[PDB]
Every structure is written in C-alpha cells, then in structure tokens.
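Participant: My questions will all concern the structure given below.
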Amino acid sequence: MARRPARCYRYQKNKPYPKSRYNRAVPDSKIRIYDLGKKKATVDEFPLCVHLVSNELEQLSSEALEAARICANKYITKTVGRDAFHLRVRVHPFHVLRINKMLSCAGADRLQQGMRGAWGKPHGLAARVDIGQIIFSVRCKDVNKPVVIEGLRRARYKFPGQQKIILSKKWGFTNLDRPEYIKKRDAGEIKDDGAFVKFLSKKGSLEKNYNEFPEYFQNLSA
Amino acid sequence: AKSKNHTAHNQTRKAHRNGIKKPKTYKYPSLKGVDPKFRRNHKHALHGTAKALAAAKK
Amino acid sequence: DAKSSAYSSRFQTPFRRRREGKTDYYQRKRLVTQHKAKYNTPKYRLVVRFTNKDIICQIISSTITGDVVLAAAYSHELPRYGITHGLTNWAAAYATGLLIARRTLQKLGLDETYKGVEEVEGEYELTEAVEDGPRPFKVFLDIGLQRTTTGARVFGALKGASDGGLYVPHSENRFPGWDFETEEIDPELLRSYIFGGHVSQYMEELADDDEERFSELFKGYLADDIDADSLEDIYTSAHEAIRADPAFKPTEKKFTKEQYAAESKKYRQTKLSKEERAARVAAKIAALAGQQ
Amino acid sequence: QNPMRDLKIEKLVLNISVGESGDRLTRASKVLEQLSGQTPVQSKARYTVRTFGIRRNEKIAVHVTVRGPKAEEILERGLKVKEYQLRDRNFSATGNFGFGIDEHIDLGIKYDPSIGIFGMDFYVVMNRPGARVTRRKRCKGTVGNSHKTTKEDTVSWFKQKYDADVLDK
Amino acid sequence: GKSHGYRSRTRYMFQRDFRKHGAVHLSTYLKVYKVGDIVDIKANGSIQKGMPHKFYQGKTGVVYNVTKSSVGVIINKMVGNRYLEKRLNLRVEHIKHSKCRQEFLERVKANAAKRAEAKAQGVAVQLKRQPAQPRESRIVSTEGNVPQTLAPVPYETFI
RNA sequence: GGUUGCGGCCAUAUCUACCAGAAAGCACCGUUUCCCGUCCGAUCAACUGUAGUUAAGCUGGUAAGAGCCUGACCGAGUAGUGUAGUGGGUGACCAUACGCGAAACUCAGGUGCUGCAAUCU
RNA sequence: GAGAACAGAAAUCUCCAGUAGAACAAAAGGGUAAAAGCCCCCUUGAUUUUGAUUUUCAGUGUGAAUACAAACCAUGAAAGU
RNA sequence: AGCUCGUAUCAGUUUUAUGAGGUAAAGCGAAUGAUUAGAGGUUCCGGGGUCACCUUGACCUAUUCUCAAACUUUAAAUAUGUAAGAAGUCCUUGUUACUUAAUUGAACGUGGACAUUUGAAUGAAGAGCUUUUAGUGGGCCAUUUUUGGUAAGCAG
Numbered sequence: 001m002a003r004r005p006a007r008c009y010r011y012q013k014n015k016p017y018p019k020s021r022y023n024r025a026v027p028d029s030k031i032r033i034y035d036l037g038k039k040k041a042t043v044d045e046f047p048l049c050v051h052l053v054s055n056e057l058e059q060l061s062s063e064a065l066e067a068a069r070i071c072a073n074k075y076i077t078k079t080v081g082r083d084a085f086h087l088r089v090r091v092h093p094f095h096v097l098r099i100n101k102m103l104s105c106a107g108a109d110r111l112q113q114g115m116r117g118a119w120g121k122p123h124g125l126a127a128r129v130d131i132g133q134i135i136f137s138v139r140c141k142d143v144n145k146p147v148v149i150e151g152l153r154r155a156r157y158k159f160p161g162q163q164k165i166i167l168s169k170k171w172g173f174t175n176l177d178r179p180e181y182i183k184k185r186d187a188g189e190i191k192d193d194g195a196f197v198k199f200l201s202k203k204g205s206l207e208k209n210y211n212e213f214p215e216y217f218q219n220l221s222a
Numbered sequence: 002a003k004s005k006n007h008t009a010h011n012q013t014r015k016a017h018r019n020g021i022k023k024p025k026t027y028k029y030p031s032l033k034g035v036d037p038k039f040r041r042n043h044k045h046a047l048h049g050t051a052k053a054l055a056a057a058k059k
Numbered sequence: 006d007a008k009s010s011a012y013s014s015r016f017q018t019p020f021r022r023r024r025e026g027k028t029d030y031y032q033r034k035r036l037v038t039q040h041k042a043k044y045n046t047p048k049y050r051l052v053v054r055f056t057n058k059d060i061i062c063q064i065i066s067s068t069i070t071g072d073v074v075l076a077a078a079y080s081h082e083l084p085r086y087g088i089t090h091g092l093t094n095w096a097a098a099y100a101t102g103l104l105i106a107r108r109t110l111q112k113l114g115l116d117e118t119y120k121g122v123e124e125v126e127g128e129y130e131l132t133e134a135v136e137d138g139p140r141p142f143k144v145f146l147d148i149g150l151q152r153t154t155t156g157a158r159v160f161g162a163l164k165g166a167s168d169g170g171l172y173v174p175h176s177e178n179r180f181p182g183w184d185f186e187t188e189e190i191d192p193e194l195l196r197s198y199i200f201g202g203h204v205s206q207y208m209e210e211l212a213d214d215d216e217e218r219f220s221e222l223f224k225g226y227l228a229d230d231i232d233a234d235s236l237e238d239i240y241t242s243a244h245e246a247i248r249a250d251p252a253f254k255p256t257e258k259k260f261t262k263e264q265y266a267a268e269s270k271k272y273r274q275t276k277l278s279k280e281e282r283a284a285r286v287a288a289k290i291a292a293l294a295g296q297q
Numbered sequence: 006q007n008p009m010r011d012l013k014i015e016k017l018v019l020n021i022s023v024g025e026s027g028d029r030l031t032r033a034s035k036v037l038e039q040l041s042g043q044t045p046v047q048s049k050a051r052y053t054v055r056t057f058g059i060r061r062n063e064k065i066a067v068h069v070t071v072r073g074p075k076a077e078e079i080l081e082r083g084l085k086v087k088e089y090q091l092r093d094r095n096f097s098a099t100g101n102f103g104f105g106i107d108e109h110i111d112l113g114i115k116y117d118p119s120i121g122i123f124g125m126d127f128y129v130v131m132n133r134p135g136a137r138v139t140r141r142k143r144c145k146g147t148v149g150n151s152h153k154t155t156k157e158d159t160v161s162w163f164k165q166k167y168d169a170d171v172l173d174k
Numbered sequence: 002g003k004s005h006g007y008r009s010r011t012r013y014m015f016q017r018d019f020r021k022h023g024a025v026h027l028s029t030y031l032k033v034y035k036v037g038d039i040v041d042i043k044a045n046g047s048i049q050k051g052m053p054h055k056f057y058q059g060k061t062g063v064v065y066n067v068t069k070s071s072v073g074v075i076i077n078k079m080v081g082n083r084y085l086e087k088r089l090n091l092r093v094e095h096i097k098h099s100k101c102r103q104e105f106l107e108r109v110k111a112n113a114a115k116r117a118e119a120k121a122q123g124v125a126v127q128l129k130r131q132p133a134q135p136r137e138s139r140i141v142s143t144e145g146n147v148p149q150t151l152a153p154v155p156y157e158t159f160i
C-alpha cells in the first residue's frame, strides 16, 4: 500500500504504542544502523561534539531517520572521507503507527463499514521526540566542524519542523565539559573501552581502582 | 438510533442543589450488627443497671 | 556467588529473628493474636526450649514494645532442689515444669488453689476449675521451631506445667507410652519415665552389660556414687522441695555489674572513627602507590 | 592444625540406574540391600524423555546412602578394584568426588543365581564436622569460607589416605 | 461484557510495598481497637479474608464492633445525593489507628493542663489554636551579611 | 559491657572477602536401651554433658566494598502541574502571573537501636 | 554451575549459588518462602438455624464474598484454622 | 403543603495534623520487556584449520544510546478520607447471664470538676424533618485531560 504522508503522523497525538506482546503483527524499522563513521575511534580522537536537536515535540518517522542518516553520511563522507567522524542517531523508532486499512474501489461502501471497528493496523514505526532532545550527534576533530555542520544542515531537510545545530560544550560523546575533561584525562583516571571511556570514582574498592587506574595513583604520588 | 451511553455531566450540580447532607449521627446508635455475644451481655447489664439505680433512689 | 547489585538492592530481608532462624513468625502470629473482644488480656505463652547443657522454660506476655516475662526458670536452679546431673533430661523437663508452674502461681497468688497432683501417675489431667472460684491460670504452650514427636522433652515440660497447677490446654497423643493399636497412654510408662525410668533402666543395663560405657558415660553420676534406684527417690525429694518453696532465690552476682561491664569492655573491640578510616585509607593508597 | 577442622566422609551414595521396572529392578534392590545392610529407595522418573523407554514416575533407579564405618569400609572395598587411585576429574568443585564401577555382584560377594548383573556409581559426600550448622532446624546457619571443602583439600586428604594418587591418565 | 468485579482496577491498590512482601509484622495484631476509635483502611494484599472493597482503601471511620479476629468500621460513602453508613467487617490486618485521634487526645490533655494552670496562675492562656499569624516587624542587620547583588544570568545552551 | 531466652521496629540489621573473641553462654561435638524417624541417630527423637574445640556457627571489627538508610542552599525551584489572560505561535507547544513542587543524579554522614527476664573475671 | 559406569543435551544421584526469575485446575492481575509452592498423615466445615454486612444497587433482587452467634464437627500438642 | 425547633449535629471552603493513591514526571551503570555499539574474559555442550596446539559460534563482567497504555525502585500537582470536644476529658465507684487467673477489662452508667476562648479560620443566607406531586429521562458547546480516526462543525 502507498505510504501515507507524514503530515498525518506529525504530532504525538496518541499514547506510545511499542512493539510488545499486545502489539504483535508489526513490520520492522527501516533504520537499522545507528552508529556510523569511524565508530570505533577512541574518545580523544574526536573531541568536538555537535548535535542536531529538535526544537519542538513531534514524531520522527523511522524511515525519515533512516533517510536523513543516509544523506548525512553521504555529505560528510565524500567531504572528509570515511573515517573522520562518528555519528550516532540518538532517537529510536519504538512508536508503532496505526493505519485504518480501507477499500477505495468501485462502490466499496458496501464491502466496507467505515468507522465501525476502526482500530487501525500497524503502518510503520516512528520515533517520539520532545523539545530539546537530540536527534543526531556527530563527533569529529575540531577542524571538521564546517563539514559536519553542513552535513547536519543537509540532514535537517529530511525532518519536519525546526531543528538546530548546537555545538555542544562537552568533550565528544562524554558528559564532561572540554576544559575539565582535559584535566581529567591528564590526571589519568580515564580508560578507553573500545569507543568510550571509564571514569575513576572516589568511591570503590581501592584494589579494584588500582587494577583499573594505576596511572592516577602514580600521577598523584609523583 | 445510536443512543448515548453514559454521562456524569450536571450530576454533581444536581447533587449539590439540595446539598449533600451528613447522616445526622445520634447518641446511642443502632446496635445492629454489633457482636451478639456483646449484645446480650449489654442486655443483662442494662437491666441490672436500671434495677440498681432505681432501687438505690427508692 | 558474586551477587549482582540489582539483586542486593531488591533483596527483601526476613524479620531479624527469622533471619537468624530462632522464631517461627507464622506460628507466632497465631500464638500472639487474641480474640479482639478480649482487649487487653495477654495471651500468656509457656515457652520451653532446650539449649544443650540447659533447659529454658518461662511464661511470657506479648506487649507492643516486646515480650515481657512473668516468671522464668532455667536448669542451673535445679541443683538447689537437688537434681545435680542431667539438668536437661526429660525428667528435668518435667521437674522444671513443676518449678515454673508453682513459681508463677505463687507470683499471682494462687498457692493454696491449684495444687496440681502430688502423686503423679502419668494420667492426662488438666487442672479442674475450683468450684465457686477463679478459673485456673491458662497459658499456651510454645514449642518453637523444634519438631513435635511422641514422648518429647518439650511435652515433658508440658506435663510439668500442667501438674504444677498451671492449666495448659493439651492432649496426651505425644506423651511417651502412646500406642497406636490403642488410644491409651501407658500411665506406668509415663510415671516411670518421670522419675528417670528411661535413664535408670539404662543405668542398670549398662552396669550389667559392661563397665567401660557405664563409667565413661554418667561419670558425673559415678562421682555421686548413685545407682539407678536412687534416681526416683531424689526426684521425689526434688519435687517436694519444688512444691515447698518455689521462691526463685537468684544468684549472688559475685564480681558485680561494674566489673562485668568494664571487663567485657576491656577486651571488646571498638569501631574506628571516620578520621581513622580516612587516615588508614590514605596510608593504604600511599603504600599501594609507593612505586608498586 | 585443628582437632576437628579436617575432612570426613559423611555419606557415600551408591546408585544403580535400571533401564526399566520389574524383576530386574527388584534384583538391583536386593543386591544393593545386602551390600549396604539397608534397603535402598526407588528414584521415580522425573519426566518422560520419550527416547529412553522411560515415563515419569516409573521407578528407573535404585540408590542408597551409607554413613559412618559402613561408608568407610565400603569405600575401601570400592577402591580395592579402583586400584586406590582416581583422576584429576571425578572431583567436584564442592569437595565431593565420585566414580562408577561396572560390576559388583561377583566382584565383592558370591554371584548367586537369579540376580543378573549390575554396575553402580559411588559418590562420596566429603566434608568436615560442623556442617550441621546448615542442616539443623533451629538457627539454620551457613558454613564459612575456611570450613568449606575444595577439590585441592580433598585431593590432599585422598593422598593422605588410601595410598592414592590423582590423574591416572 | 465490561467487567466491574470485586477487585476490578486493583493492579496497584494491593501491591505489597517494595521490600515489604511476605507476612506482615505482628504489631498490627497486637494493637487494641476499642469501640469509638477512628481508624483508616490500608488494605493488605497478603491476607485475603476480610479484604475491603477498593473504594474503602484510605478511608477512615469509627469502630462500631469488635469481633473474634476483625472489627466493624463505619464509613460514610457518598452515593447519589447523600452519604450512607457503610458497615465493614474487616480483618485487623487492613486497619490501623489513625493518628488524628492521638494528636487530638494529646492536645486535649495539654489544653486541660493549660486550663488548670490558668485556674491557678496566669489566666487567658490562649486555649485555641492560632494559625500562622503574619510575621511581626524585625531588624535585619548587616555585619558579615553585606548585601551582595544577584544579576540575572545569560542563557547558555549547555547542550 | 558480653551471652542466652522471648521479642519490637524489619537490611543503619542485608551481602561479599579478612580477622579477633578473655569468663560465661551458645554451637560444633560424644553415644543409641527406651520415646521417636528415616535407606542413612545425616535431620529429628533419647542420654551424657561425659572426650575436646573455637574450626565452623554466633557476636564483633576491617573494606576510598556493592547495597541499605538519612540529609544537603546537590541536581532544582529544573521536570511536572492547579488556576488566569482578547498572552505568543498556524500548530505542535511555549513564556508569563499567582501557587504546589519532585525523581534520577553530586556530595556528606551512618552500617543497628531497643524492651523484659536470666547469666558471666 | 560442578560432579558420578553404561548414561551423551536430556535417564538417576550428590553438593553449591539461588528475593522467587517456579507452583498454586483453567484467561489476566494480585498474593504467597521453616508458605498460599512439592511430599506425607488425618478428615469432610463442600453440614444446620438463620440473621447482619460489602459489591453490582433503587442501597431492590440474583450471584459472589466478608464477619459473627447458636450447634455439631474436622485437624492440630495447642493457640488457632 | 407544611411540621419541630430558634442559631444549631452545618459548609461544593480553608489551616494544622493525619492518612490513602501510582497519573504527570522520572528510571533503566534497578526488576520484567525492548533496544545501538563495542571493550575484557570460556568447558575437549561442536574450532570450521595441524587430535592440548592464535584461530572466532556463545555466555558473563564493567560500560554506552534511546524507550514503554496493559513495565517500575521512586514519585508530584490537582482531586480525596478524617479529626479539631460539653454526644469531650478527668476522678471515684455501680450492673453484666460478656471477658478475665483475677474484686481484670469492655460497654453502659451513678455522683464530682470543667467562662473570660466550650478548645482552628470564615460564613451561616434560619436549621432539621416529613408528605406529596409535576415536568425530565433525544441533549449541545467551550478551556483543560483524553480514546478511535488522516481529520472533521466526527463519534465516545
């Protein structure tokens, strides 16, 4: 069946309707890959973190996420190559949209009842987002900033409503600001975990803390 | 044809026109459903109480 | 092993006494619940249990802040009444049942009434209510976690409390000498066990069979040079002594309370303060980072 | 080190898993009966498997346990055909250990008529005095780290007795 | 057919509190409930016999009857145009003393003590409660507590 | 002050590793004639506290311990929300005025208290 | 999880961890750990006279249930149920 | 139509205190259900390659991202129950064929003390009660919450 215009499913009218044992016969989401670029690069390789943040409260269709991801990958990759960045599509398609299947044939008013038993069948998936929530999060070296912001500006054209390009003060995908993450990394309580980092807490068994972060204790002692 | 099902509209105003009224509790409420074992003790007890008080007052 | 934080976060601990296993809270619920139309009448419990080299029998009442005791008895008071060895046996259980029963009846002022039975014949007999007078003091047996079996030491104390003028509601099904081909207790078997029959016959049996077991075991008896047949006499004497003056003369408390508290403190450990904890963890981190 | 912190043989369980029920089952029961001096118990099938000729609750096993001098002597007798040695395997992580012999009826006693053949599993429950702390009713505590029994403890003890060695392979 | 059963819409009403499942503690049986005490209704999921209806959860009323293992509670129920004396026969697990009696009773005792002292010395001890009266004039001084300005801060995205 | 018995609150008590426990107590522990129960005196039942032990249990202490509890001008008066507007915006929603006001988080603290009775270098 | 001849993924047995991730006739929900789960013993209270009360509600009925009383019982050592 | 009384046993109200709830929110380095990405670690329950030989198929541990009407530790606002006295408290002793081991308690009381306020605020327009009977039992809309629907001057 022909896909409905998203102007029908723009807003968060209905309650969340996720794939569960009550919502059984549902198709699969179009978007499947959520981390793109050099996704295994360590944290310090990509200091800069940019966000494409929605400024309103609507439903982003799963396939719209997928297509915007396609175009955002395309521009950034052909501008600064395969592995100068790592993008993460934060929102996820858990809301299952409903369509009331109908017949529009010759004289379908006979074989169809209209609104009697008008509970709609699953039509697809869409991702619920509120005001201020991040849709796209790209990390890269600082010099890549024009490239990543122009790629995000191209990704914004696939989303209904208004989104904004916010250059986060954080260091990469971390939860720390740049100048004080610099202090933390120099102090050495940061251990890579393939893509992200492990933080040394002031609380914990000191033997385990010694196993994971000898460098912090050596840096303090020296 | 299709007749509407339920509606609470205007029902609270209907309830508050003559006003929702307390049941006006009384001294010595009804000894209904209280423990019968206690009831018939209370019976003999009040019989004796009235006897003693009236006999004392002569 | 290696319990997850989620499990240790959602772990619902049982009540402390059930955590340590001492109290069965299911049966305690119905032991302490009262007919609500008996508002402030306590449900007195005759709690009799057994820790090795001791017996612990007492009368307890249930209050909101805790259980307050009316009168208590233990094994080490029996030597005053003469029973020197076997201060945890079945006859000792019956004897301390007499002791605690007469003790609590004395406490609440029911000496002359509810004398119980002097020449106990092992016959199941609840203390009958006195004609035109108060009913006998009714207490409810609480065995605790220990299993009920026919001819148990707990039910020896049951019979002791019943015969000490203290009405306990019970049945004879689990007294020793209960047959199943017939519904009748053996009064002779019960009365003989009361004076140590199950102990005296094993005295004479070991004496006939050998000497090594009869000496290694019951060596404390060998100190007193008492044979089997004197056990019944000493138990009758102890029963009469119990019936005479159940006044509960307490201990002397030599090396008294201040010495007890201070001496326990002098060896008792203490919890190190926060400053000590911080300084020791500083020393630990410095030692572990000392170019290790 | 300590007079009673050393291991001990609480119970030795002997298991004969019979394919079906009937006269053969009774034969296993009788032979293990005179072996242990006590009547074993029947282990009813837990669930039907549909490939073993076995339906649930069909009496497919015969096991008994022995504790004390009987257990000690019968362990000696079991090892007298096991060559007083075992392997690095067969030792459980909890301390217990086992081994399955293929025949006893003519191995240790006279092969009477009307008994057939039978092989049995020995499984020694091996621990230290004081484990009543976890099995008693009142104050059902739990044993501590030190009092626990490990395979290295058990292998040291099994070297100390039976003139035994480990890893026969 | 729509369901309006006895325990309808009670998925969460009788949830035993978190880490509070199992047998309930024994003070709830060891309390005393004399006739005339006003108690509230906190139903207990574990005990099944004597459960109230979901409507009475949280209500409060006087005890008109005391029974072998239960009490009789009078609740006012608003139905139609007027209340009704709903009489419940509740196992003593689902009830507990309402502390409004306790505070009122101790205020009555304190007020009687105030009346007695006024009966001796110092009349007009202000028996009634007084609401939070407006704060009377005061001097606020400035040693070490110099008035430091607070300026509205610029908007920072922090995203 | 420790221990036992009965408990109240029901983790500030739980859990994981390590250690200590003077005296008493407790426990393990010793043995099966009877009571009692099983296949097994292992549990339970009987007897001795007689052979010994703190090994374990129990108690307690340690852990930049997980957890649990408390508090914070910590997040945050944020989210949310009652009421009001001929307020904004096309709308989704939002700003305000008068109110109420969290949770996650960050940190600091703490790790049983207690009742009755008995008993102990 | 670790183990034990045949016997392997699953046959039986042993130990350990196991806040319940199982079971309770049947849907779903709730509830339950020395039990409301599994096994064993005994029974019929799945009995009578009714009356009162809660839910549906008109505070009618039917249905369901709760709490008693007067009996007689079952069980338990008993409280109790 | 009244009747019984004459400022109250009151209130679409509030404060104090006291509950109760499981929505909004928040939460998944918390349970169940989802989920994206990796990092570190396995028995001869298969290495697929030299019979214990780096050798890939899992599972766990610390993480990271986004969620939930039929998920939740936690948890508002609003709405909601109750109480704020003379129908109460306190003292003493009287009945009981109930209860108690009891001359114990429970209930109902006898006698005695309870003005500055007889015990929070505000108002009370009179308060309470009975009988009787009409019409009505087709609804509609607006702000806010919200179900189905693409949406509706749509339906609920």
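Chains as they are written, first to last, in the deposited numbering: chain AI, 1 to 222; chain Ab, 2 to 59; chain AD, 6 to 297; chain AJ, 6 to 174; chain AT, 2 to 160. Ideal Cβ positions, reconstructed from N, Cα and C, are used throughout, including at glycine.
(1) Indicate whether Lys16 of chain AJ and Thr70 of chain AJ have their beta-carbon atoms separated by less than 9 Å.
(2) Assuming contact is defined by CB atoms lying nearer than 9 Å, are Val129 of chain AI and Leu60 of chain AI in contact in what I supplied?
(3) For the alpha helix (DSSP H) that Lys15 of chain Ab lies in, which residues bound it at each end?
(4) So, for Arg88 of chain AI: in the same chain, excluding its five sequence neighbours on each side, which residues have a beta-carbon less than 6 Å away from its beta-carbon?
(5) Would you call the stretch 118-132 of chain AI in contact with the stretch 88-98 of chain AI, where contact means no fewer than 3 C-beta pairs closer than 8 Å?
(6) Just how far apart, CA to CA, sit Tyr181 of chain AI and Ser168 of chain AI?
(7) What is the rounded straight-line gap between the Cα of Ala33 of chain AJ and the Cα of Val67 of chain AJ?
(8) Quick one: is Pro174 of chain AD near chain AT, going by C-beta distance under 9 Å?
(9) Would you check if the distance between the CB atom of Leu51 of chain AD and the CB atom of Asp147 of chain AD is smaller than 9 Å?
(10) Consider the Cβ of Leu151 of chain AT: report whether some Cβ of chain Ab lies at a distance smaller than 9 Å.
(11) Strictly by DSSP, which residues pair up with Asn77 of chain AT?
(12) From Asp83 of chain AI to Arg116 of chain AI, what distance separates their C-alpha atoms?
(13) CB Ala166 of chain AD to CB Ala106 of chain AD, shorter than 9 Å?
(14) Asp72 of chain AD: which of AD:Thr56, AD:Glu280, AD:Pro47 and AD:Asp59 sits nearest, CA to CA?
(15) Starting from residue 323 of chain AD, find everything on chain AI with Cβ-Cβ shorter than 8 Å and list it in chain order.
(16) Looking at chain AI, is there any beta carbon in it that lies within less than 9 Å of the beta carbon of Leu277 of chain AD?
(17) Which residues, in order along the stretch 67-101 of chain AT, keep a beta-carbon less than 9 Å from a beta-carbon of chain Ab?
(18) Give the range of the alpha helix (DSSP H) segment to which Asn209 of chain AI is assigned.
(19) Which stretch, first to last residue, makes up the beta strand (DSSP E) that contains residue 3 of chain AJ?
(20) Give a yes or no on whether the C-beta atoms belonging to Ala162 of chain AD and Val74 of chain AD are separated by under 9 Å.
(21) Taking the beta strand (DSSP E) that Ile135 of chain AI belongs to, which residues open and close that run?
(22) DSSP three-state call for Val50 of chain AI: helix, strand or coil?
(23) What are the boundary residues of the beta strand (DSSP E) that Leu17 of chain AJ is part of?
(24) Quick check on this structure: which residue in AD:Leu194, AD:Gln151, AD:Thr93 and AD:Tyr119 has the alpha carbon closest to the alpha carbon of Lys58 of chain AD?
(25) Along the chain, where does the alpha helix (DSSP H) containing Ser269 of chain AD start, and where does it finish?
(26) How far does the alpha helix (DSSP H) with residue 298 of chain AD in it extend, from its first residue to its last?
Facilitator: On the basis of the coordinates in this document:
(1) yes
(2) yes
(3) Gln12 to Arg18
(4) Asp35 and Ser137
(5) yes
(6) 14 Å
(7) 7 Å
(8) no
(9) yes
(10) no
(11) AT:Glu86
(12) 55 Å
(13) yes
(14) AD:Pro47
(15) Residue 323 of chain AD is absent from the model: chain AD starts at 6 and stops at 297.
(16) no
(17) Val67, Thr68, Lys69, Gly73, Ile75, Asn77, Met79, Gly81, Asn82, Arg83, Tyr84, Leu85, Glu86, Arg88 and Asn90
(18) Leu206 to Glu212
(19) The structure shown does not extend to residue 3 of chain AJ, since chain AJ is modelled only from 6 through 174, so no value can be given for it.
(20) no
(21) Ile134 to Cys140
(22) strand
(23) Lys13 to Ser22
(24) AD:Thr93
(25) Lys262 to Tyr272
(26) No statement about residue 298 of chain AD is possible, as the shown extent of chain AD runs from 6 to 297 and does not include it.
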